[PDB]
């Protein structure tokens, strides 16, 4: 198995235990370096949109690694080109956080760690008919990264937790793995409106847990959405799976990978996007 906190099965081991593909040279997360990135004005505003006809329930599970929101099929989509033609279909959203407020994110922005990084996972429905077809195949996946930052003074309604509908209260010490509960749907469009959806890093990388598949189109928004200390401590109430050394769920993030390890056979480039000025 694998873990975050057991040194025998933890992230420094994955390159050996899961060489396909945790030994690769296109791994994630990376440090997102504003100065050492290429501005590409062709990269458009991201849109998240829902199929109005979908009625199926959303669930959340403590999978032992994270809190994972499981979206029904054919419901939530991403557009990178302004057309609402279902090229990318959202599967799930999960989170990475810290034992303490000064770490938790997988990506860094110029070396800075956020307390909470959310990952919206989608498959390239344009090419592949289902998640199970896309998840192991080339170019199959696109993930959105959303940074969260803690503020002392804020109304609930302008926090990310309004979009999350507080996960219907499931974030607590009794939400043990592998428990799943029905929750209110997540308003992913409202979530995206809490930041600038034109301002993002873009690169080709990997899943950040084994098997670290190098088939992820990454988009990481530079502006964070806002949460309170009370909200970040809700995540810290979840218990880790029995694979972990630590009892409480926290520090569920992979260490930083290089954009171009010395052994790369073809360098990748970190791109940045900004709004049409």
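Numbering follows the first chain given and starts at 1.
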Which is higher on mean Cα B factor in this entry, 68 to 76 or 87 to 95?
68 to 76
Comparing average C-alpha B factors as deposited, tell me which of 220 to 228 and 243 to 251 sits higher.
243 to 251
Just to confirm, going by the entry's C-alpha B-factors, which of 197, 205, 140, 178 comes out highest?
178
By the entry's C-alpha temperature factors, tell me which of 120, 170, 188, 127 sits highest.
170
Lowest, middle or highest third of the chain for the C-alpha temperature factor of residue 155?
highest
Based on the deposited C-alpha B factors for this chain, I'd like to know if residue 105 is in the lowest, middle or highest third.
lowest
Determine, from the deposited record, the chain-internal third of the Cα B-factor for residue 234: lowest, middle or highest.
middle
Taking the chain's C-alpha temperature factors as the reference, tell me which third residue 115 falls into: lowest, middle or highest.
lowest
Where does residue 144 sit by CA temperature factor within its chain: lowest, middle or highest third?
lowest
